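What follows is a single structure, written as structure tokens, with notes after it.
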Amino acid sequence: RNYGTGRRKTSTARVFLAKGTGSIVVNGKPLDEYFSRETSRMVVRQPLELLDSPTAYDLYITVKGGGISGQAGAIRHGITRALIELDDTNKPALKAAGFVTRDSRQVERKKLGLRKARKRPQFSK
Amino acid sequence: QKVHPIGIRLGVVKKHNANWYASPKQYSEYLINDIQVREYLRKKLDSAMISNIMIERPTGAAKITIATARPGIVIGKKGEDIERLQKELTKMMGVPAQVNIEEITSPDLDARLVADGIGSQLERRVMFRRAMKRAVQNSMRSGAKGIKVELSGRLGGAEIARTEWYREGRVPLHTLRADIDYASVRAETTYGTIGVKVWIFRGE
Amino acid sequence: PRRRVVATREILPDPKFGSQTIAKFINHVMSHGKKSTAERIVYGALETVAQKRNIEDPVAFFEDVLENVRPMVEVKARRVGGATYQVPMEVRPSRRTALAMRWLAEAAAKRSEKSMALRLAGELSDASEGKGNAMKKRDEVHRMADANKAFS
Amino acid sequence: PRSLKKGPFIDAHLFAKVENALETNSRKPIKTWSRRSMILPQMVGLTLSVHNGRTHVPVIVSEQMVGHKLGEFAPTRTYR
Amino acid sequence: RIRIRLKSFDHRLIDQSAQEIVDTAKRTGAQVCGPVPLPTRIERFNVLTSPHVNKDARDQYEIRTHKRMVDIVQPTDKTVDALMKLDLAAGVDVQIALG
Amino acid sequence: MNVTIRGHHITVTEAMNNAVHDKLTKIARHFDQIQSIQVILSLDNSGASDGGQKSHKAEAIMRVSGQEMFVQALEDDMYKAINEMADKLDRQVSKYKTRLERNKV
Amino acid sequence: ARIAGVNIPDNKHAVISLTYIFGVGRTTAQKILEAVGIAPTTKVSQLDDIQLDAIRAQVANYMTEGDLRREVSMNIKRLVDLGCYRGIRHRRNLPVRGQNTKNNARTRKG
Amino acid sequence: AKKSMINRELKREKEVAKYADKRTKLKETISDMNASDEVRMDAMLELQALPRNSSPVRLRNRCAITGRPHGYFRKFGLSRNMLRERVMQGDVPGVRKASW
RNA sequence: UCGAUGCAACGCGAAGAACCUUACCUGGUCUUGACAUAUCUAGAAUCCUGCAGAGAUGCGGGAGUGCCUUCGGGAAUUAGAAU
RNA sequence: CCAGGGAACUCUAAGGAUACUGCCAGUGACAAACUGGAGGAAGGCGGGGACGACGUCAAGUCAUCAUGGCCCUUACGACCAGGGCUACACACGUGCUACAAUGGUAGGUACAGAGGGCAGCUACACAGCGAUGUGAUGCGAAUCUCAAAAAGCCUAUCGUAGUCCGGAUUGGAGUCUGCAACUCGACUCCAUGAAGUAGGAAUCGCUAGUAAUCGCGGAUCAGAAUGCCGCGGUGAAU
């Protein structure tokens, strides 16, 4: 029952880890049924398969907020935190891939006199 | 070019001079009547030396706190001039509001009183740099860690206007925890308007 | 930027072949941030060439064509005494792959096939044997690089 | 244009003028500044003087003018 | 179960008023479920600072509206007879549902 | 090559248009690489504390391939402002043209 | 085939080809095809002459290019000879529905 | 703004206040589906016959101090020009500078 | 209508012109005046009306007689008498 | 909020902890400092914003406001109706929408943040092709609602055509707001279907959650955003 919280952009995934078969329940639905994008499909399994144990734990994941790849990143971070909660010696191998560092990147606010965060209105010369 | 010293410090080391809560419909009425109170009372108490006034209000009544350096002239003999203004304050405001007078222990540390004294001398045709130096000397001896006074306009009556400032001490404007009093008044001279800005820095 | 060597970002390998080279090509094809879209065109073209040539390793085949495409010598614009003569230098390894990928994408962008997947598949097939606009542009670069061959 | 349930908009003063002109069938123009008023079948035939902003322009209400506002037949900008 | 909802613009005055309201009940022999902070209303304004031109010259203002709310578990008479005497106004609005 | 002649706070007359066009075509005779010209004729003050002497303004923003040179001239009379502006613009055209021609050697 | 005096394309679907009659768009084509029996996905070439006549009779209820062109021209002519504001814009070839006649009036001016 | 415009707004709002209730009852009468057709048409005619300034659409709210018709904010009742001065002086409670 | 005029004017004032806003134009109107104080003549203000007019306005009819001090009368109020 | 009524977790919003070149290895004048490494969520200014020195441009604003002087006082003041600021041989500056197949259309199926709601938002039902209309409900809101996020994913079709692209213009019929939609409103429906097939010289923005693209809010506001100010989704190349 090792639980970890992961966050990314705007999503916040709460994942529960138990030693089991490998049943991943993403917000009440299976991983492949919940994630229609294969890019977001890899990210969830990335930490589990990094240390060669994909079909070794039952995962109860509840994502909330964020998009479809932000949620995958949040789930990956939460699984990473739960895995290091289970074992501290997991961290040395699971840190070299950057799975435990929270990604602090966020939508930069629209600044005034600008079209976007950085985009500037044009002026012909 | 320069932000307002109190406005940029309102939430860090300072405090608003209005402390009432109003629903979005009530905010307009409260703020408009509050501004009207401020203007009327500042025109009425021109002779006295009144600094910042805090018009804070509970539900119903209000508690208007005026800080001054002339409590005798403000209050009147046995409270005969404070109550005469009390009746008008209630007559134009809402539910009867209690006005209480506080005392400024050091009138040379209040940026508003110094600025208004400079303005009065300028309107009475005192030499402008004489007034600047007098104010800087008084405030810097009255314990202030720094003063800066700025005069802008047709100084002495010159056709070409100019800005003359005088600093003594620190007055670190770009530091937020500076406790910098600021005031900007105008002297109505026979050749136009002189802008009198005063910054007084007194700690952390 | 007249400053330090700012570190390059970490690319994430694509899910199917798990290759950073295919991920980089997917980024090259992708426009407007439609990574899933570009994934689908890249995968369709790679599967089409794999089926047509009956080759088990599409990633190995793609690596072969990429290495066959990327140039070896480029020409730059030098300046000595207000003069502009082109100097042939050796392309840096990081720039080699990017130049090859960009040439492949921009050559497949102007094919007559219906879908971009078909156009990319045709361009990949041509480049594997040494034909197409990608090889034409690379040989036109080598033509300049060898027709100068005098300014160091 | 206008909700059908609300009916046509006729200005009260011009309505009174045209109603009191219909009982006489008089031909002198009805000088009005109300150019937003609906042209009704009752007012077919006679002539109004619709203000164009500067002066009044006569408008002899023909059959194919009901369905139109008064100001449509009084151009405001004069461009040569 | 009386319910007090506190609204203000200051995030310290509201906390201290809520603490006083909690303290009277917690010290007059009663139980209180703590002041949960309900979402603030943050409303922003774009006041361009020049009198005439330079629309890019702006001042961005904001007026936060903080809201707290406290429930008592059981309203003992000695605890409840204090709220109408706990006159804390002039900065914080207090609404007592008394339901 | 474009020629725009706008007037701020003054009514540009046919004589002003001719007095700017004749000098513009004179500079464009020796320099044939001009992209655009924009001349603003203004009346920037009333000379309330100096009695004119800078009451009228004539400014020229010209754009060439790879550069943009702006000149201005204040004067009591608009025609003299135009002539002084034109002379500054001609001198700057000559300066740029000779630098570009001497960059080849 | 040939409906309403025009030879609509027969290599495309019926609901798309029927839009080639001046006076029939896509919603009207859908309504026409649902009026009798025809699925919109069927090509004109596969349409039988019995349902050709069915569709031809169905189109007659809609004011098509024979009557429609004359009706539109008459509607414009009414305003033009009326002299109203819209008529004036019609005879002067300027936008009539309150659009910019200062910079963007090109699909009108030429 | 001009004193004439300030007083013109005042007298334009006076009629709105005077005919506020009559307009409410009349609008309910015209919108009632149980009312007779001629009744609702006559009520609509009376609405159109009411004085022009009585409608709250001719009202243009402006700054309380300066009477500025532009840059108005409903929450404060002030134009942008006076609102900025008051906010920077601190006279507007709760309002401060924004940065996020 | 006016202002903004190289970068640093030109989706800028204007965070929003059908009327209003509105500053411009045509026409119809008023002159201490739409708004403040000096004043003395009547009246609680205020509400509902009729006609004429595009409306601004003009000419007429009904209900009400405030409040505190009380026979000097006063915070407001409608139409001027003039500087 | 939901792990097992619970007081765990997410979240909300007040007070704090952390980060300091603190430690290690080097280079460096026995220095400041620099380069790399460990631990850590974050490493050296962690990302972003507010904060704009003395002065410059007689820069802008007397039309927010105030103000010296000058000028008009049956008028340059004031009230009202109608028109006008929306005109068009034209040029220029900012944008939006496209020119398509990395796409159009029709079916399903997901994933947000932020903000607004009595000067209102509307569950739901019925009528309507629709804009909307009638009845009625919950909500001064973490309660009810705006509101469905769109790009995305699956299937079918279109098969390179001025077209099943594009959606200007115009004709007809309507809905709302408003005393009033002619000048001169926004939306809805039917019909038409314009230029446009990637744009000369020249020229602009952007170094990372950025550019690009996709939707959603607000201020002003009775109605009237392709502007402005914001919000998140996908997300590069160098």
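Residue names in the structure tokens use chain letters A, B, ... in the order shown, residue numbers from 1 in each chain, and ligand numbers from 1 in the order shown.
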
| request: Determine, counting only C-alpha atoms (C1' of nucleotides), which protein, DNA and RNA residues have an atom within 6 Å of an atom of region 49-60 of chain D; residues of the same chain fewer than 3 positions away are not included. Present the result as number ranges by chain. | output: D: 29-33, 46, 74, 76; I: 26; J: 82-83

| task | For region 11-25 of chain A, please output as a PyMOL selection string all residues within 10 Å (counting only C-alpha atoms (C1' of nucleotides); exclusion window: fewer than 6 positions along the same chain). | result | (chain A and resi 1-5+31-34+44-45+48+53-83+85-86) or (chain J and resi 3+9-10+111-112)

Would you mind listing, for every residue of chain B within 12 Å of chain I, the two atoms forming the shortest contact and the distance between them in Å to one decimal, using only C-alpha atoms (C1' of nucleotides), sorted by chain and ascending residue number, as a tab-separated table?
```
residue	atom	partner	partner_atom	distance
B:87	CA	I:75	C1'	11.6
B:88	CA	I:75	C1'	10.9
B:91	CA	I:75	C1'	10.0
```

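Within region 16-72 of chain D, residues classed as helix (DSSP H, G or I) by DSSP on backbone coordinates are residues 16, 17, 18, 19, 20, 21, 22, 41, 42, 43, 63, 64, 65, 70, 71 and 72 of chain D.
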
Expected file contents, prior selection, N, CA, C and O atoms, as a PDB file, in the first residue's frame:
```
ATOM      1  N   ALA D  16     -50.337  59.644 -35.673  1.00  0.00           N
ATOM      2  CA  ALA D  16     -51.464  60.562 -35.559  1.00  0.00           C
ATOM      3  C   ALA D  16     -51.583  61.437 -36.798  1.00  0.00           C
ATOM      4  O   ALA D  16     -52.689  61.651 -37.314  1.00  0.00           O
ATOM      5  N   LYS D  17     -50.453  61.940 -37.299  1.00  0.00           N
ATOM      6  CA  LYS D  17     -50.490  62.803 -38.476  1.00  0.00           C
ATOM      7  C   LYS D  17     -51.045  62.066 -39.689  1.00  0.00           C
ATOM      8  O   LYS D  17     -51.909  62.589 -40.402  1.00  0.00           O
ATOM      9  N   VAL D  18     -50.576  60.841 -39.935  1.00  0.00           N
ATOM     10  CA  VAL D  18     -51.041  60.113 -41.111  1.00  0.00           C
ATOM     11  C   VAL D  18     -52.475  59.635 -40.928  1.00  0.00           C
ATOM     12  O   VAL D  18     -53.233  59.559 -41.901  1.00  0.00           O
ATOM     13  N   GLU D  19     -52.882  59.310 -39.700  1.00  0.00           N
ATOM     14  CA  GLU D  19     -54.268  58.919 -39.474  1.00  0.00           C
ATOM     15  C   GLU D  19     -55.211  60.089 -39.721  1.00  0.00           C
ATOM     16  O   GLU D  19     -56.286  59.913 -40.307  1.00  0.00           O
ATOM     17  N   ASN D  20     -54.827  61.292 -39.293  1.00  0.00           N
ATOM     18  CA  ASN D  20     -55.648  62.466 -39.551  1.00  0.00           C
ATOM     19  C   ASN D  20     -55.511  62.984 -40.975  1.00  0.00           C
ATOM     20  O   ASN D  20     -56.325  63.813 -41.395  1.00  0.00           O
ATOM     21  N   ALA D  21     -54.499  62.540 -41.718  1.00  0.00           N
ATOM     22  CA  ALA D  21     -54.428  62.849 -43.138  1.00  0.00           C
ATOM     23  C   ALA D  21     -55.180  61.845 -43.999  1.00  0.00           C
ATOM     24  O   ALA D  21     -55.604  62.195 -45.104  1.00  0.00           O
ATOM     25  N   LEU D  22     -55.351  60.611 -43.521  1.00  0.00           N
ATOM     26  CA  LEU D  22     -56.068  59.603 -44.296  1.00  0.00           C
ATOM     27  C   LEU D  22     -57.560  59.895 -44.356  1.00  0.00           C
ATOM     28  O   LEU D  22     -58.224  59.528 -45.332  1.00  0.00           O
ATOM     29  N   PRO D  41     -49.411  49.721 -44.714  1.00  0.00           N
ATOM     30  CA  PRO D  41     -50.316  49.776 -45.873  1.00  0.00           C
ATOM     31  C   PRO D  41     -51.312  50.921 -45.814  1.00  0.00           C
ATOM     32  O   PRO D  41     -51.797  51.361 -46.862  1.00  0.00           O
ATOM     33  N   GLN D  42     -51.635  51.411 -44.615  1.00  0.00           N
ATOM     34  CA  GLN D  42     -52.597  52.502 -44.490  1.00  0.00           C
ATOM     35  C   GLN D  42     -52.084  53.771 -45.160  1.00  0.00           C
ATOM     36  O   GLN D  42     -52.861  54.533 -45.746  1.00  0.00           O
ATOM     37  N   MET D  43     -50.774  54.010 -45.086  1.00  0.00           N
ATOM     38  CA  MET D  43     -50.161  55.242 -45.566  1.00  0.00           C
ATOM     39  C   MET D  43     -49.679  55.152 -47.013  1.00  0.00           C
ATOM     40  O   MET D  43     -48.844  55.960 -47.441  1.00  0.00           O
ATOM     41  N   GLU D  63     -46.889  51.658 -53.658  1.00  0.00           N
ATOM     42  CA  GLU D  63     -47.301  50.345 -53.177  1.00  0.00           C
ATOM     43  C   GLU D  63     -46.106  49.544 -52.679  1.00  0.00           C
ATOM     44  O   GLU D  63     -46.158  48.934 -51.605  1.00  0.00           O
ATOM     45  N   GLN D  64     -45.020  49.532 -53.442  1.00  0.00           N
ATOM     46  CA  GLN D  64     -43.849  48.730 -53.091  1.00  0.00           C
ATOM     47  C   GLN D  64     -42.913  49.482 -52.151  1.00  0.00           C
ATOM     48  O   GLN D  64     -41.711  49.577 -52.380  1.00  0.00           O
ATOM     49  N   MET D  65     -43.467  50.019 -51.066  1.00  0.00           N
ATOM     50  CA  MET D  65     -42.663  50.628 -50.017  1.00  0.00           C
ATOM     51  C   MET D  65     -43.038  50.178 -48.619  1.00  0.00           C
ATOM     52  O   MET D  65     -42.233  50.365 -47.701  1.00  0.00           O
ATOM     53  N   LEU D  70     -38.881  54.520 -43.013  1.00  0.00           N
ATOM     54  CA  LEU D  70     -39.023  55.799 -43.697  1.00  0.00           C
ATOM     55  C   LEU D  70     -37.685  56.324 -44.199  1.00  0.00           C
ATOM     56  O   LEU D  70     -37.606  56.903 -45.286  1.00  0.00           O
ATOM     57  N   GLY D  71     -36.621  56.132 -43.423  1.00  0.00           N
ATOM     58  CA  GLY D  71     -35.338  56.704 -43.780  1.00  0.00           C
ATOM     59  C   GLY D  71     -34.649  56.045 -44.955  1.00  0.00           C
ATOM     60  O   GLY D  71     -33.657  56.591 -45.447  1.00  0.00           O
ATOM     61  N   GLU D  72     -35.141  54.892 -45.412  1.00  0.00           N
ATOM     62  CA  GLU D  72     -34.516  54.228 -46.549  1.00  0.00           C
ATOM     63  C   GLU D  72     -34.607  55.072 -47.809  1.00  0.00           C
ATOM     64  O   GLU D  72     -33.725  54.999 -48.671  1.00  0.00           O
TER      65      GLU D  72
END
```

| task | Write down as a PyMOL selection string the residues belonging to region 24-96 of chain H that are assigned strand (DSSP E or B) by DSSP computed on the backbone. | result | chain H and resi 72+79+95-96

Selected residues written out with N, CA, C and O atoms, as a PDB file, in the first residue's frame:
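result-v7.pdb written:
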```pdb
ATOM      1  N   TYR H  72     -14.419  53.429 -17.410  1.00  0.00           N
ATOM      2  CA  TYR H  72     -15.187  53.274 -16.186  1.00  0.00           C
ATOM      3  C   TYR H  72     -15.083  51.841 -15.678  1.00  0.00           C
ATOM      4  O   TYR H  72     -14.960  50.896 -16.457  1.00  0.00           O
ATOM      5  N   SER H  79     -13.364  56.447 -12.778  1.00  0.00           N
ATOM      6  CA  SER H  79     -12.624  56.254 -14.012  1.00  0.00           C
ATOM      7  C   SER H  79     -11.241  55.694 -13.703  1.00  0.00           C
ATOM      8  O   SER H  79     -10.805  55.628 -12.553  1.00  0.00           O
ATOM      9  N   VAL H  95      -7.405  46.761  -2.540  1.00  0.00           N
ATOM     10  CA  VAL H  95      -6.777  46.846  -3.848  1.00  0.00           C
ATOM     11  C   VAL H  95      -5.295  47.155  -3.685  1.00  0.00           C
ATOM     12  O   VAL H  95      -4.911  48.072  -2.950  1.00  0.00           O
ATOM     13  N   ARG H  96      -4.456  46.382  -4.368  1.00  0.00           N
ATOM     14  CA  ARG H  96      -3.020  46.615  -4.387  1.00  0.00           C
ATOM     15  C   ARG H  96      -2.505  46.260  -5.773  1.00  0.00           C
ATOM     16  O   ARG H  96      -3.277  45.952  -6.682  1.00  0.00           O
TER      17      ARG H  96
END
```

| task | Take CA of residue 120 (chain A) and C1' of residue 93 (chain J) and report the distance between them in Å, one decimal. | result | 15.5 Å

| request: Just the residues within 8 Å of residue 96 (chain E), please, counting only C-alpha atoms (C1' of nucleotides), with nothing from its chain fewer than 6 positions along; format it as a ChimeraX atom specification. | output: /E:2-5

| message | Taking 5 positions as the minimum chain separation for residues in the same chain, which residues sit within 9 Å of residue 94 (chain A) when counting only C-alpha atoms (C1' of nucleotides)? Answer as a PyMOL selection string. | response | chain A and resi 47+50-51+80+83-84+89+99-100

Would you output that residue set with N, CA and C atoms, as a compact mmCIF listing (two decimals), in the first residue's frame?
```txt
# COMPACT_ATOMS: atom_id res chain seq x y z
N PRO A 47 8.88 4.08 -15.45
CA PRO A 47 9.62 3.77 -14.22
C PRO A 47 9.57 2.30 -13.85
N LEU A 50 11.89 0.48 -16.12
CA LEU A 50 13.28 0.92 -16.03
C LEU A 50 14.11 -0.04 -15.19
N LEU A 51 13.57 -0.49 -14.06
CA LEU A 51 14.25 -1.43 -13.19
C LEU A 51 13.76 -2.87 -13.38
N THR A 80 7.00 6.87 -9.41
CA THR A 80 8.38 6.99 -8.94
C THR A 80 8.43 7.22 -7.44
N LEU A 83 7.48 4.02 -5.65
CA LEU A 83 8.54 3.03 -5.76
C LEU A 83 9.69 3.34 -4.80
N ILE A 84 10.07 4.61 -4.69
CA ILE A 84 11.11 4.95 -3.72
C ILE A 84 10.58 4.83 -2.29
N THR A 89 16.71 1.93 -1.94
CA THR A 89 17.75 1.62 -2.92
C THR A 89 17.26 1.71 -4.35
N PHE A 99 13.36 10.67 -13.08
CA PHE A 99 11.95 10.39 -12.86
C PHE A 99 11.42 10.93 -11.53
N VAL A 100 12.30 11.22 -10.58
CA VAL A 100 11.86 11.70 -9.28
C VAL A 100 11.81 13.23 -9.22
```

List as a PDB file with N, CA, C and O atoms (P, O5', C5', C4', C3', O3' and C1' of nucleotides), in the first residue's frame the protein and nucleic acid residues near region 93-97 of chain G, meaning an atom at most 9 Å away when only C-alpha atoms (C1' of nucleotides) are counted, but skip any in the same chain fewer than 5 places from it.
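Listing of result_30.pdb after writing:
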```pdb
ATOM      1  N   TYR G  85     -32.107  53.159 -50.319  1.00  0.00           N
ATOM      2  CA  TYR G  85     -30.678  53.146 -50.026  1.00  0.00           C
ATOM      3  C   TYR G  85     -30.017  51.884 -50.574  1.00  0.00           C
ATOM      4  O   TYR G  85     -28.964  51.951 -51.222  1.00  0.00           O
ATOM      5  N   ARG G  86     -30.631  50.723 -50.331  1.00  0.00           N
ATOM      6  CA  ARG G  86     -30.075  49.474 -50.841  1.00  0.00           C
ATOM      7  C   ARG G  86     -30.041  49.470 -52.360  1.00  0.00           C
ATOM      8  O   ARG G  86     -29.072  48.998 -52.966  1.00  0.00           O
ATOM      9  N   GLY G  87     -31.092  49.984 -52.995  1.00  0.00           N
ATOM     10  CA  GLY G  87     -31.084  50.086 -54.441  1.00  0.00           C
ATOM     11  C   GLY G  87     -29.951  50.953 -54.950  1.00  0.00           C
ATOM     12  O   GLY G  87     -29.312  50.628 -55.952  1.00  0.00           O
ATOM     13  N   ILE G  88     -29.690  52.068 -54.264  1.00  0.00           N
ATOM     14  CA  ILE G  88     -28.599  52.955 -54.657  1.00  0.00           C
ATOM     15  C   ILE G  88     -27.262  52.236 -54.545  1.00  0.00           C
ATOM     16  O   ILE G  88     -26.413  52.331 -55.439  1.00  0.00           O
ATOM     17  N   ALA G 105     -13.603  46.627 -49.364  1.00  0.00           N
ATOM     18  CA  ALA G 105     -14.818  46.479 -50.161  1.00  0.00           C
ATOM     19  C   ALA G 105     -14.471  45.901 -51.524  1.00  0.00           C
ATOM     20  O   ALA G 105     -15.069  46.253 -52.548  1.00  0.00           O
ATOM     21  N   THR G 107     -14.449  42.616 -52.799  1.00  0.00           N
ATOM     22  CA  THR G 107     -15.415  41.698 -53.405  1.00  0.00           C
ATOM     23  C   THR G 107     -16.707  42.479 -53.649  1.00  0.00           C
ATOM     24  O   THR G 107     -17.768  42.224 -53.074  1.00  0.00           O
ATOM     25  N   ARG G 108     -16.581  43.465 -54.534  1.00  0.00           N
ATOM     26  CA  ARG G 108     -17.608  44.452 -54.830  1.00  0.00           C
ATOM     27  C   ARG G 108     -17.004  45.469 -55.785  1.00  0.00           C
ATOM     28  O   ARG G 108     -17.539  45.715 -56.869  1.00  0.00           O
ATOM     29  N   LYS G 109     -15.873  46.054 -55.383  1.00  0.00           N
ATOM     30  CA  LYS G 109     -15.190  47.018 -56.234  1.00  0.00           C
ATOM     31  C   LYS G 109     -14.445  46.358 -57.386  1.00  0.00           C
ATOM     32  O   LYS G 109     -14.387  46.924 -58.483  1.00  0.00           O
TER      33      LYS G 109
ATOM     34  P     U J 169     -18.844  40.390 -46.526  1.00  0.00           P
ATOM     35  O5'   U J 169     -19.611  40.504 -47.912  1.00  0.00           O
ATOM     36  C5'   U J 169     -19.147  41.375 -48.932  1.00  0.00           C
ATOM     37  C4'   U J 169     -19.812  41.077 -50.250  1.00  0.00           C
ATOM     38  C3'   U J 169     -21.330  41.102 -50.240  1.00  0.00           C
ATOM     39  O3'   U J 169     -21.852  42.410 -50.356  1.00  0.00           O
ATOM     40  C1'   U J 169     -20.581  39.151 -51.336  1.00  0.00           C
ATOM     41  P     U J 170     -23.128  42.844 -49.490  1.00  0.00           P
ATOM     42  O5'   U J 170     -24.364  42.283 -50.320  1.00  0.00           O
ATOM     43  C5'   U J 170     -24.509  42.582 -51.698  1.00  0.00           C
ATOM     44  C4'   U J 170     -25.336  41.540 -52.405  1.00  0.00           C
ATOM     45  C3'   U J 170     -26.695  41.237 -51.804  1.00  0.00           C
ATOM     46  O3'   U J 170     -27.676  42.202 -52.131  1.00  0.00           O
ATOM     47  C1'   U J 170     -25.606  39.217 -52.328  1.00  0.00           C
TER      48        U J 170
END
```
